[PDB]
Amino acid sequence: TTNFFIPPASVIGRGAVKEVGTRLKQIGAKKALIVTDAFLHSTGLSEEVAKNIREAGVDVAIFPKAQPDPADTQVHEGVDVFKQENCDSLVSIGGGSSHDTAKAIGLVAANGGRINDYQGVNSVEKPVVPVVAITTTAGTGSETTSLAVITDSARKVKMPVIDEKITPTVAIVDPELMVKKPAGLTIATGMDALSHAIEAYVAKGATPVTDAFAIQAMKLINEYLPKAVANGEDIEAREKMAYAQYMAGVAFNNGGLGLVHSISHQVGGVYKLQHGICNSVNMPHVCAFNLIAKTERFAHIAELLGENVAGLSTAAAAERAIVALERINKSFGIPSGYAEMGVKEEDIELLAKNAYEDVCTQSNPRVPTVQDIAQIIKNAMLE
Amino acid sequence: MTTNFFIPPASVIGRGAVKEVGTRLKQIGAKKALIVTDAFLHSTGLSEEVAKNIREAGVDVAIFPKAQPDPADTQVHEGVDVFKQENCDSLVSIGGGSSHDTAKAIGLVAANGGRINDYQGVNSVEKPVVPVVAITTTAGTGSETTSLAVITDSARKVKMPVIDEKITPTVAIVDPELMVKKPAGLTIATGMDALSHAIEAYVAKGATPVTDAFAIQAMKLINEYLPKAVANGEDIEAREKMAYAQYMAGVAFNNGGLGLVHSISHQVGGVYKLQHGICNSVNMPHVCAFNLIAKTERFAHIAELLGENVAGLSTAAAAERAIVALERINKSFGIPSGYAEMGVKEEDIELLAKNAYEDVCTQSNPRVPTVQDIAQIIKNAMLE
Amino acid sequence: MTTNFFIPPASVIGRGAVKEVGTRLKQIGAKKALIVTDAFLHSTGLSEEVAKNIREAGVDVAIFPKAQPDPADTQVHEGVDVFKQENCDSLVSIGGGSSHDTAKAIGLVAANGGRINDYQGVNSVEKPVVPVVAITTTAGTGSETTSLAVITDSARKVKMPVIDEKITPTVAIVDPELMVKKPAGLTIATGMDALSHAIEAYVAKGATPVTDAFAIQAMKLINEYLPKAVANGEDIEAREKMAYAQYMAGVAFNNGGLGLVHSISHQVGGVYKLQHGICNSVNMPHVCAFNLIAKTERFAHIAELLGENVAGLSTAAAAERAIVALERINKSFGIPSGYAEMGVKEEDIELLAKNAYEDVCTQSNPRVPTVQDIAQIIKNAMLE
Amino acid sequence: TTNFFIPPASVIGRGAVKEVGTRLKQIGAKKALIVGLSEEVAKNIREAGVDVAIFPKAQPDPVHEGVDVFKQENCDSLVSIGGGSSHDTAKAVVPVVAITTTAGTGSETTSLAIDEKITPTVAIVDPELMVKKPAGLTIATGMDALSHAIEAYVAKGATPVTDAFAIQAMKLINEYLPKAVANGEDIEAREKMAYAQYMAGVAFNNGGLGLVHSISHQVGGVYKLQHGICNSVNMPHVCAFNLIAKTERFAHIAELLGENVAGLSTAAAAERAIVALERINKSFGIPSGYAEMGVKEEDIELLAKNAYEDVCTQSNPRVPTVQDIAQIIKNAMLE
Ligand SMILES: [Mn+2]
Ligand SMILES: [Mn+2]
Ligand SMILES: [Mn+2]
Ligand SMILES: [Mn+2]
């Protein structure tokens, strides 16, 4: 008895943004709060989106106070604006920060409380405000997830908030908005997409449904991600990566992740490094730790990342996945180890301990000890 | 490019999922649900089991058990009246595609007015329809994930498709334990219709990477386990794998599209009153062979996914192997050798063919057809 | 899940194993044995040599040489009488499956009372039975290790299966040296029945990893050495290997089950008085083709274990190579081409099928049958 | 003439512990003496009309005081719960019912504590009782089971009967032992490991063991270490020593442990067996040598001597000298 949670309406493809208003009109929206970063508000994309929405008889207001690593303070600022403007819907424009902020605003405005009071897994009881998420990056997949991560203000800890009700109501994935992404950013986000697909395939809670999307995501990523890193104007590469991010997000949201994300959450937060790059640096060693758990699947992954496994044993084909991960990492210039990125040995223990406590660690195919995590990070320190 | 993906936002696929109905109904804000089912399931008690679950959870329920195979306009409007009298705020469908589609039509017409035959085709209706919770008892149809209801008009003796995004079910309940007692023939028909759904979705014109995901995985699962369920219906793992397969094929053809298999089967099964799955199974080999020039590569892939070793073959050879795979499956499941034995008359071919031309599926078929093309397909599907 | 595994606690396999009977019978602690055997065996004098071992151990002995092919209910109740008359405390069985089944049935009825027919089907006898030491002279049956006794009904002509954990022998003696003088036809019948046991247990519904182990080994050994033993009976190595394969196939089908092969041959041999292994070999390719859709992967494995090169082949193709291999072996041993040459008449088919449907084994069959399915199997095996 | 001794009744699978009393019933037992699982077991026993008593003295290593203590509370039948220790202690013909909590040892199916009358009357293998086994216990116990299967397949007294169970044990272990090491809450993995332990145990009881156990009996006795881990450390070098004896079967073992020996000579295929065992050792974190476990060179000689007189050395496919055993121990000290 497994649950499958996906946005009931998704528009994916060139020009998809042009349908925000249309989509909000079907949900029956009267007025929408747009949540974005200050920069996108300066680019004018927020204004174009608001125009489209208002054309469909849906009023709009803007909350350009989203920041990277969203915080409860701004979440509640946005709930305040929601109430003052008398909004009935939320629309998010940007990366994961915008999306998670919007989801938290909706949760608190419908069921009340502090977003602090929603840490952990929740079964909120009130009807929740619809959220329409427009993605501008090909990674994260937050337009399809039931998870928002908000940082506590006082305690400087991050809080995961999981509920089937924050699962966005409309997901708009337009590749055209992703074209001006620089090459390094494309690398980071695409490697996080690959991270999602690989972790979902070997996840403890993988269903055949999750595996469908995960496998197709690995196929599409393997072909076009280098092409999108090479020429960002290649709209076909951008479109295949858009679909790949979507499928990978659904896959990990319902199936699960693991130590890759657990480790890189701590490493990135502490050392202020990019999510995708940390994920890519530690994935080859995490998968080695996980090899005994899902051997057949890691052989399949080696084949899906583009290796000739014919005439190989399932153990050999499994290890070829690690070889492929290092091949990809070398092609996109991922750092050689964590040490280059500034990780200090004296911190590993902490990084391990906190990573042991992450919600992601529970879906990892191999049950870990704090020392297992520590040894993973140590092996990832330098090549 | 401006492609829409509609899917039930919540699905519970697993053993004992039926018990979740009320809970999920509670999470939509439902107060009074109307249960729409057939007559058998009612006599079996399932309607009242579900009803109890609903009532305990705090929701109220009424039972409309007049859904019939080959859903028809009469019962649709009748159940609409019952919906209005009992002042129900939600719908819960328990059974095969008949119950699901009839419930979709009930809620649709309950909101927006006239006869369901008026809402034929693709509709963008503007009044929100009530939530639908669909509990499936067949490893086929896919109706608990589709935005389509097949309401048959006997006034023209044709199964009419009715498509609107609002009749996409809001909760999907796929419990394999309600599918255990399915007799062998029903298992074959449902499973082969699901196979048709995946195969017609893969080669469909509007197929997208997302649809191909579910279509490929459904084909792999069907190949591995559908014979296992046909042999022993009491193997819960086989039933469960087929449940996942059917769900994914439903999503696939809902968002990618079907083709001339379903176009033809609608006419043949509406006129001669035969089972949908077996009609699909008799026509598929020939429809696919017609389509071969359109999607040679993907048909070679189907050959591999349906259990053929296409190593060292031309891509055209590997594609041809898909028809061999299909015919092998057909014989293994005892599918009638031809449409002729099923009672189809050569005289009616044209009128079936011509009418098949007007089904929406012909516009999703990979190869753009002529009425005489379809006629030749139906001719070849008569003997051997 | 929870599975019970019943096996003789002590087994002596190898040349000269018959030397240990009396020894073991003292370790178990017995004083009044009843050598149950046939009369031909009694004239061979084996009766008195085994009795010499037993009387040297210090156990009184009596001989009841009334075991016949198709062991009847009449001789069962008659031997039960002898058991009571000779105040026998222990049973020793010397012969093929007929004698073994007779001795264990004697213990059964002497314990619980009721005649033989009352114990058709699976029973859970509550009255303890006497220890049994089974000395086998045929490389088939495996009845030295089974909880089953195949006794036929007089009137209904049904070789009744009688199953109980209490009748599983306490000591099993497999001496290949007693198997040398077996004619080639008897070697064929017994060995082909052992192959039958291994195959049915591999595809049985109640198959476990333990029973699977034993079935696989039995099939490998049979493929290599049964033809060798059919050619030259004096080859003691081949006879010993066949003894091992029979032991393992007996444990496998005892604790995993059988299927329609034995269901059908029970009726055909009860009605027309025909050899068990021959009937089984005549029906096996057709039973396995029906059951293919259930265990395709395992039938491919069986093709490889019976000596087929399944390289570059689909699992469907490899599974069909199992039928090919079985037909090949049949030809190599001269098995009848069909039941028609064996005198089976189409008129009885219905009855056969009906009574086969009520056999316990049909419930072990991977593919759930109907009476008409069983009928079609028997029909297809009539001629070829 | 070869003998095959096995418990006459074995209940294997999830929930098997429910049949204890049930099986006792067909034994015709009256009371019972069990050598907080104990109380629920006794409740099920009483649920069939069977009186119960308890023997909580279950000292791990062997002893005689506990045997005589049990004798004092005399009873008609015995139930034994735990790993090898409890079974061996209750081995002291009164029926013995053996409930195993580890997927190794196989003592629930053995005639050793050395007589066929101490083979248990009933064997109960419940994977549900093994879920809470920590990863170290899982690795040790499963690797001991693999040791059993491997040693019995190349053993001198092997029969086709024993070879059946040993081959299937090796297959099941190859696929599922890493799965149970990764997530012990996987019931499929633990159930497969249960069946594999049972089969490997029957196989080594009837077919025999070899120099792996000869060496590790001494090493674990002297330095107080884990049986499975010691076996895992010397098995690569022991198998290497035995290669010339059963080269064909070692190539088969390479295949069974997940290697592709296709296109390889029987020699190369045999060497791939050592390659596979070393891979498995590294995947499970086995110590690199006995030296990291605290074994000292000065003792090797004595170890060798004592290992030579173990009966297992007579089952080894290759007949050894004390100096051969000493070389093996030395080679396994460091990597
Ligand atoms: Mn991520
Ligand atoms: Mn259909
Ligand atoms: Mn037989
Ligand atoms: Mn051991």
# chains A, B, ... in the order shown; residues from 1 in each chain; ligands from 1

$ residues_around --residues "residue B:108" --least-positions-apart "3" --cutoff "8 Å" --atoms "only C-alpha atoms" --output "PyMOL selection string"
chain B and resi 104-105+111-112+116+129-130+166-167

$ interface_residues --of "chain C" --to "chain B" --cutoff "10 Å" --atoms "only C-alpha atoms" --output "number ranges by chain"
C: 205, 289-297, 312-317, 365-369

$ write_last_selection --atoms "N, CA, C and O atoms" --output "short mmCIF file (atom, residue, chain, number, x, y, z; two decimals), in the first residue's frame"
data_model
loop_
_atom_site.label_atom_id
_atom_site.label_comp_id
_atom_site.auth_asym_id
_atom_site.auth_seq_id
_atom_site.Cartn_x
_atom_site.Cartn_y
_atom_site.Cartn_z
N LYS C 205 3.18 -25.34 -7.30
CA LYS C 205 2.85 -24.08 -6.64
C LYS C 205 3.48 -23.99 -5.25
O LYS C 205 3.85 -22.89 -4.82
N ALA C 289 3.09 -27.85 -21.70
CA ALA C 289 2.79 -26.80 -22.64
C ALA C 289 1.64 -25.99 -22.16
O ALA C 289 1.51 -24.83 -22.50
N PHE C 290 0.77 -26.60 -21.38
CA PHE C 290 -0.35 -25.91 -20.81
C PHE C 290 0.23 -25.07 -19.73
O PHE C 290 0.04 -23.87 -19.72
N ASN C 291 1.00 -25.68 -18.85
CA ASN C 291 1.58 -24.97 -17.73
C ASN C 291 2.70 -24.02 -18.03
O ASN C 291 3.29 -23.48 -17.13
N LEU C 292 3.00 -23.80 -19.29
CA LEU C 292 4.12 -22.96 -19.64
C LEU C 292 3.91 -21.54 -19.25
O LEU C 292 4.82 -20.90 -18.75
N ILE C 293 2.72 -21.03 -19.45
CA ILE C 293 2.44 -19.64 -19.16
C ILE C 293 2.62 -19.29 -17.70
O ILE C 293 2.81 -18.14 -17.37
N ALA C 294 2.59 -20.29 -16.84
CA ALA C 294 2.82 -20.05 -15.42
C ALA C 294 4.30 -19.89 -15.12
O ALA C 294 4.73 -18.86 -14.59
N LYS C 295 5.11 -20.90 -15.47
CA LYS C 295 6.50 -20.91 -15.04
C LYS C 295 7.45 -20.91 -16.23
O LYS C 295 8.30 -21.80 -16.37
N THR C 296 7.36 -19.88 -17.07
CA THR C 296 8.16 -19.83 -18.29
C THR C 296 9.64 -19.86 -17.98
O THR C 296 10.40 -20.60 -18.61
N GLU C 297 10.08 -19.03 -17.03
CA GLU C 297 11.48 -19.00 -16.64
C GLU C 297 11.96 -20.37 -16.19
O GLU C 297 13.04 -20.83 -16.60
N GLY C 312 21.30 -17.29 -26.96
CA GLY C 312 20.71 -16.39 -27.93
C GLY C 312 19.22 -16.57 -28.12
O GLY C 312 18.68 -16.17 -29.15
N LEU C 313 18.55 -17.16 -27.13
CA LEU C 313 17.14 -17.50 -27.23
C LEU C 313 16.31 -16.68 -26.26
O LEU C 313 16.74 -16.41 -25.13
N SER C 314 15.11 -16.29 -26.70
CA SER C 314 14.15 -15.71 -25.78
C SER C 314 13.73 -16.75 -24.75
O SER C 314 13.85 -17.97 -24.96
N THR C 315 13.21 -16.26 -23.61
CA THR C 315 12.74 -17.17 -22.57
C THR C 315 11.53 -17.96 -23.03
O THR C 315 11.33 -19.11 -22.61
N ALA C 316 10.72 -17.39 -23.93
CA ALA C 316 9.66 -18.17 -24.55
C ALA C 316 10.25 -19.32 -25.37
O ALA C 316 9.85 -20.48 -25.22
N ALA C 317 11.22 -19.00 -26.24
CA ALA C 317 11.86 -20.02 -27.06
C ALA C 317 12.52 -21.09 -26.19
O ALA C 317 12.35 -22.30 -26.43
N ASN C 365 -0.78 -28.01 -9.33
CA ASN C 365 -0.43 -27.62 -10.69
C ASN C 365 -0.22 -26.11 -10.80
O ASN C 365 -1.05 -25.34 -10.29
N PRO C 366 0.86 -25.64 -11.43
CA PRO C 366 1.06 -24.19 -11.54
C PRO C 366 -0.10 -23.46 -12.18
O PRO C 366 -0.47 -22.37 -11.72
N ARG C 367 -0.71 -24.04 -13.21
CA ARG C 367 -1.81 -23.42 -13.93
C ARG C 367 -3.12 -24.07 -13.49
O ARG C 367 -3.31 -25.28 -13.68
N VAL C 368 -4.02 -23.28 -12.90
CA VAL C 368 -5.29 -23.80 -12.40
C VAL C 368 -6.08 -24.33 -13.58
O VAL C 368 -6.38 -23.57 -14.51
N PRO C 369 -6.47 -25.61 -13.58
CA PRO C 369 -7.15 -26.17 -14.75
C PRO C 369 -8.66 -26.18 -14.62
O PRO C 369 -9.20 -26.02 -13.52
#

$ interface_residues --of "chain D" --to "chain A" --cutoff "8 Å" --atoms "only C-alpha atoms" --output "mmCIF file with N, CA and C atoms, in the first residue's frame"
data_model
loop_
_atom_site.group_PDB
_atom_site.id
_atom_site.type_symbol
_atom_site.label_atom_id
_atom_site.label_comp_id
_atom_site.auth_asym_id
_atom_site.auth_seq_id
_atom_site.Cartn_x
_atom_site.Cartn_y
_atom_site.Cartn_z
ATOM 1 N N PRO D 178 24.270 -9.994 1.044
ATOM 2 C CA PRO D 178 24.481 -8.537 1.056
ATOM 3 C C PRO D 178 23.198 -7.748 1.264
ATOM 4 N N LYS D 179 22.053 -8.268 0.815
ATOM 5 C CA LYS D 179 20.795 -7.559 1.029
ATOM 6 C C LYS D 179 20.419 -7.531 2.504
ATOM 7 N N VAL D 181 22.621 -7.784 4.948
ATOM 8 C CA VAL D 181 23.614 -6.938 5.605
ATOM 9 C C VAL D 181 23.257 -5.468 5.432
ATOM 10 N N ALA D 182 22.681 -5.105 4.285
ATOM 11 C CA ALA D 182 22.363 -3.703 4.037
ATOM 12 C C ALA D 182 21.158 -3.253 4.858
ATOM 13 N N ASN D 183 20.042 -3.967 4.744
ATOM 14 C CA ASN D 183 18.803 -3.636 5.450
ATOM 15 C C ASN D 183 18.293 -4.906 6.121
ATOM 16 N N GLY D 258 29.139 -15.243 -8.310
ATOM 17 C CA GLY D 258 28.873 -14.072 -9.121
ATOM 18 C C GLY D 258 29.959 -13.662 -10.086
ATOM 19 N N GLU D 259 30.746 -14.609 -10.581
ATOM 20 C CA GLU D 259 31.824 -14.335 -11.514
ATOM 21 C C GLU D 259 31.471 -14.908 -12.874
ATOM 22 N N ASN D 260 31.950 -14.246 -13.925
ATOM 23 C CA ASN D 260 31.820 -14.749 -15.291
ATOM 24 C C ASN D 260 33.129 -15.420 -15.675
ATOM 25 N N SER D 283 33.733 -6.168 0.635
ATOM 26 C CA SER D 283 32.441 -5.490 0.661
ATOM 27 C C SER D 283 31.831 -5.491 2.059
#

$ calpha_fit_rmsd --fixed "chain C" --moving "chain B"
0.6 Å

$ select_by_dssp --residues "stretch 195-318 of chain A" --states "alpha helix (DSSP H)" --output "JSON, numbers by chain"
{"A": [195, 196, 197, 198, 199, 200, 201, 208, 209, 210, 211, 212, 213, 214, 215, 216, 217, 218, 219, 220, 221, 222, 223, 224, 225, 226, 227, 228, 229, 230, 235, 236, 237, 238, 239, 240, 241, 242, 243, 244, 245, 246, 247, 248, 249, 250, 251, 252, 253, 254, 259, 260, 261, 262, 263, 264, 265, 266, 267, 268, 269, 270, 271, 275, 276, 277, 278, 279, 280, 281, 282, 283, 284, 285, 286, 287, 288, 289, 290, 295, 296, 297, 298, 299, 300, 301, 302, 303, 304, 314, 315, 316, 317, 318]}

$ residues_around --residues "stretch 265-276 of chain B" --least-positions-apart "2" --cutoff "7 Å" --atoms "only C-alpha atoms" --output "list in words"
residues 157, 158, 159, 261, 262, 263, 278, 279, 280, 344, 352 and 356 of chain B

$ write_last_selection --atoms "N, CA, C and O atoms" --output "PDB file, in the first residue's frame"
ATOM      1  N   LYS B 157     -25.709   3.209 -31.832  1.00  0.00           N
ATOM      2  CA  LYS B 157     -25.009   1.943 -31.655  1.00  0.00           C
ATOM      3  C   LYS B 157     -23.494   2.124 -31.703  1.00  0.00           C
ATOM      4  O   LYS B 157     -22.770   1.302 -32.277  1.00  0.00           O
ATOM      5  N   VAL B 158     -23.005   3.211 -31.098  1.00  0.00           N
ATOM      6  CA  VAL B 158     -21.574   3.515 -31.100  1.00  0.00           C
ATOM      7  C   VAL B 158     -21.157   3.991 -29.710  1.00  0.00           C
ATOM      8  O   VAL B 158     -21.844   4.813 -29.090  1.00  0.00           O
ATOM      9  N   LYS B 159     -20.036   3.458 -29.216  1.00  0.00           N
ATOM     10  CA  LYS B 159     -19.453   3.895 -27.952  1.00  0.00           C
ATOM     11  C   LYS B 159     -18.841   5.274 -28.136  1.00  0.00           C
ATOM     12  O   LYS B 159     -17.855   5.422 -28.860  1.00  0.00           O
ATOM     13  N   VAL B 261      -6.526   0.550 -33.131  1.00  0.00           N
ATOM     14  CA  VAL B 261      -6.965  -0.624 -32.375  1.00  0.00           C
ATOM     15  C   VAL B 261      -8.270  -0.316 -31.659  1.00  0.00           C
ATOM     16  O   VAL B 261      -9.282  -1.006 -31.830  1.00  0.00           O
ATOM     17  N   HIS B 262      -8.265   0.754 -30.865  1.00  0.00           N
ATOM     18  CA  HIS B 262      -9.455   1.125 -30.110  1.00  0.00           C
ATOM     19  C   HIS B 262     -10.544   1.677 -31.023  1.00  0.00           C
ATOM     20  O   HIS B 262     -11.731   1.409 -30.803  1.00  0.00           O
ATOM     21  N   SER B 263     -10.165   2.431 -32.059  1.00  0.00           N
ATOM     22  CA  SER B 263     -11.147   2.894 -33.035  1.00  0.00           C
ATOM     23  C   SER B 263     -11.964   1.730 -33.578  1.00  0.00           C
ATOM     24  O   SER B 263     -13.200   1.752 -33.546  1.00  0.00           O
ATOM     25  N   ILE B 278     -10.678  -8.503 -26.124  1.00  0.00           N
ATOM     26  CA  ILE B 278     -10.474  -9.547 -27.126  1.00  0.00           C
ATOM     27  C   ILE B 278     -10.567  -8.968 -28.531  1.00  0.00           C
ATOM     28  O   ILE B 278      -9.869  -9.417 -29.452  1.00  0.00           O
ATOM     29  N   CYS B 279     -11.433  -7.969 -28.721  1.00  0.00           N
ATOM     30  CA  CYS B 279     -11.509  -7.283 -30.007  1.00  0.00           C
ATOM     31  C   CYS B 279     -10.189  -6.599 -30.327  1.00  0.00           C
ATOM     32  O   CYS B 279      -9.653  -6.729 -31.443  1.00  0.00           O
ATOM     33  N   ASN B 280      -9.653  -5.860 -29.347  1.00  0.00           N
ATOM     34  CA  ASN B 280      -8.337  -5.251 -29.500  1.00  0.00           C
ATOM     35  C   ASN B 280      -7.292  -6.297 -29.854  1.00  0.00           C
ATOM     36  O   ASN B 280      -6.455  -6.082 -30.740  1.00  0.00           O
ATOM     37  N   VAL B 344     -18.677 -11.319 -36.555  1.00  0.00           N
ATOM     38  CA  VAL B 344     -18.647 -10.156 -37.433  1.00  0.00           C
ATOM     39  C   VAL B 344     -18.979 -10.581 -38.857  1.00  0.00           C
ATOM     40  O   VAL B 344     -18.517 -11.623 -39.343  1.00  0.00           O
ATOM     41  N   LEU B 352     -18.664  -0.307 -40.279  1.00  0.00           N
ATOM     42  CA  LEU B 352     -17.746  -0.244 -39.151  1.00  0.00           C
ATOM     43  C   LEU B 352     -16.559   0.642 -39.503  1.00  0.00           C
ATOM     44  O   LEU B 352     -16.285   1.645 -38.827  1.00  0.00           O
ATOM     45  N   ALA B 356     -15.476   3.982 -37.771  1.00  0.00           N
ATOM     46  CA  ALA B 356     -14.191   4.053 -37.087  1.00  0.00           C
ATOM     47  C   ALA B 356     -13.417   5.298 -37.493  1.00  0.00           C
ATOM     48  O   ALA B 356     -12.674   5.857 -36.680  1.00  0.00           O
TER      49      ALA B 356
END

$ interface_residues --of "chain D" --to "chain C" --cutoff "10 Å" --atoms "only C-alpha atoms" --output "tab-separated table (two decimals) with C-alpha atoms, in the first residue's frame"
chain	number	residue	atom	x	y	z
D	1	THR	CA	27.25	-46.99	1.93
D	2	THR	CA	26.67	-43.36	2.96
D	3	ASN	CA	24.42	-42.13	5.75
D	4	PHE	CA	22.17	-39.07	5.62
D	5	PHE	CA	20.94	-37.76	8.98
D	6	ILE	CA	18.38	-34.95	9.06
D	7	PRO	CA	15.69	-33.83	11.56
D	8	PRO	CA	12.49	-35.66	10.56
D	9	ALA	CA	10.45	-32.42	10.63
D	10	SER	CA	11.53	-28.89	9.74
D	11	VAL	CA	9.34	-25.79	9.83
D	12	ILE	CA	11.05	-23.05	7.83
D	13	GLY	CA	9.64	-19.65	7.00
D	14	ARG	CA	8.01	-16.65	8.64
D	15	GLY	CA	5.95	-17.45	11.70
D	16	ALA	CA	7.38	-20.94	12.18
D	17	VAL	CA	7.79	-20.45	15.94
D	18	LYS	CA	4.00	-20.82	16.19
D	19	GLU	CA	4.22	-24.54	15.44
D	25	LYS	CA	1.91	-32.68	19.61
D	26	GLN	CA	2.80	-35.13	16.86
D	27	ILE	CA	5.85	-36.09	18.90
D	28	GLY	CA	3.40	-37.05	21.63
D	93	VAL	CA	15.58	-40.63	22.98
D	116	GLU	CA	23.27	-39.29	15.30
D	117	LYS	CA	20.88	-39.49	18.26
D	119	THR	CA	20.28	-34.65	15.79
D	120	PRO	CA	17.18	-32.59	16.71
D	121	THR	CA	13.71	-34.04	16.36
D	122	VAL	CA	12.27	-30.72	15.11
D	123	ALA	CA	13.95	-27.73	13.43
D	124	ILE	CA	12.22	-24.32	13.64
D	125	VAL	CA	13.70	-21.54	11.49
D	126	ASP	CA	11.77	-18.26	11.77
D	127	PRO	CA	13.25	-15.30	9.83
D	159	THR	CA	27.27	-36.89	-1.88
D	160	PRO	CA	24.93	-35.62	-4.61
D	161	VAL	CA	22.46	-35.07	-1.76
D	162	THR	CA	24.82	-32.76	0.12
D	163	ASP	CA	25.97	-31.08	-3.08
D	164	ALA	CA	22.37	-30.13	-3.87
D	165	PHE	CA	21.90	-28.19	-0.67
D	166	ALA	CA	25.40	-26.67	-0.80
D	167	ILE	CA	24.96	-25.35	-4.34
D	168	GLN	CA	21.61	-23.79	-3.51
D	169	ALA	CA	22.97	-22.29	-0.29
D	172	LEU	CA	20.99	-17.85	-2.16
D	188	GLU	CA	12.78	-11.63	2.01
D	191	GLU	CA	14.03	-15.72	4.88
D	192	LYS	CA	16.32	-16.66	1.99
D	195	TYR	CA	16.74	-21.46	4.02
D	196	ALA	CA	20.41	-21.15	2.98
D	198	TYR	CA	19.48	-24.77	6.89
D	199	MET	CA	20.70	-26.29	3.64

$ residues_around --residues "residue C:350" --least-positions-apart "2" --cutoff "10 Å" --atoms "only C-alpha atoms" --output "ChimeraX atom specification"
/C:346-348,352-356,371-372,374-376,378-379

$ write_last_selection --atoms "N, CA and C atoms" --output "short mmCIF file (atom, residue, chain, number, x, y, z; two decimals), in the first residue's frame"
data_model
loop_
_atom_site.label_atom_id
_atom_site.label_comp_id
_atom_site.auth_asym_id
_atom_site.auth_seq_id
_atom_site.Cartn_x
_atom_site.Cartn_y
_atom_site.Cartn_z
N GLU C 346 -11.50 -42.52 -26.70
CA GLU C 346 -11.96 -41.15 -26.53
C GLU C 346 -13.18 -41.09 -25.62
N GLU C 347 -13.99 -42.15 -25.62
CA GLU C 347 -15.24 -42.14 -24.88
C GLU C 347 -15.01 -41.93 -23.39
N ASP C 348 -13.94 -42.50 -22.86
CA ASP C 348 -13.68 -42.37 -21.44
C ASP C 348 -13.07 -41.03 -21.06
N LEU C 352 -12.17 -39.63 -17.21
CA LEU C 352 -10.78 -39.43 -16.82
C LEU C 352 -10.56 -38.00 -16.36
N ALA C 353 -10.87 -37.04 -17.25
CA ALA C 353 -10.69 -35.63 -16.92
C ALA C 353 -11.40 -35.28 -15.62
N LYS C 354 -12.67 -35.66 -15.50
CA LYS C 354 -13.41 -35.34 -14.29
C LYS C 354 -12.69 -35.87 -13.06
N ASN C 355 -12.34 -37.15 -13.07
CA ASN C 355 -11.68 -37.70 -11.89
C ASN C 355 -10.29 -37.12 -11.71
N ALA C 356 -9.64 -36.72 -12.80
CA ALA C 356 -8.34 -36.07 -12.64
C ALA C 356 -8.50 -34.71 -11.99
N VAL C 371 -12.00 -28.83 -15.95
CA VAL C 371 -12.19 -30.20 -16.42
C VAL C 371 -11.96 -30.28 -17.92
N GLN C 372 -12.39 -29.25 -18.66
CA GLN C 372 -12.22 -29.29 -20.10
C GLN C 372 -10.78 -29.04 -20.51
N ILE C 374 -8.15 -30.15 -18.76
CA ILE C 374 -7.59 -31.48 -18.55
C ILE C 374 -8.01 -32.42 -19.68
N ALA C 375 -9.27 -32.31 -20.11
CA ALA C 375 -9.74 -33.11 -21.23
C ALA C 375 -8.94 -32.83 -22.49
N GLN C 376 -8.69 -31.56 -22.79
CA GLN C 376 -7.92 -31.23 -23.99
C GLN C 376 -6.49 -31.74 -23.89
N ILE C 378 -5.55 -34.52 -22.30
CA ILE C 378 -5.63 -35.94 -22.58
C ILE C 378 -5.85 -36.18 -24.07
N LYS C 379 -6.73 -35.38 -24.69
CA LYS C 379 -7.01 -35.51 -26.11
C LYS C 379 -5.76 -35.31 -26.95
#

$ closest_residue --among "B:109, B:80, B:133, B:204" --to "residue B:33" --atoms "only C-alpha atoms"
B:133

$ interface_residues --of "chain A" --to "chain B" --cutoff "10 Å" --atoms "only C-alpha atoms" --output "ChimeraX atom specification"
/A:1-19,25-28,123-127,164-165,167-175,207-217,220,239-240,243-244,246-247
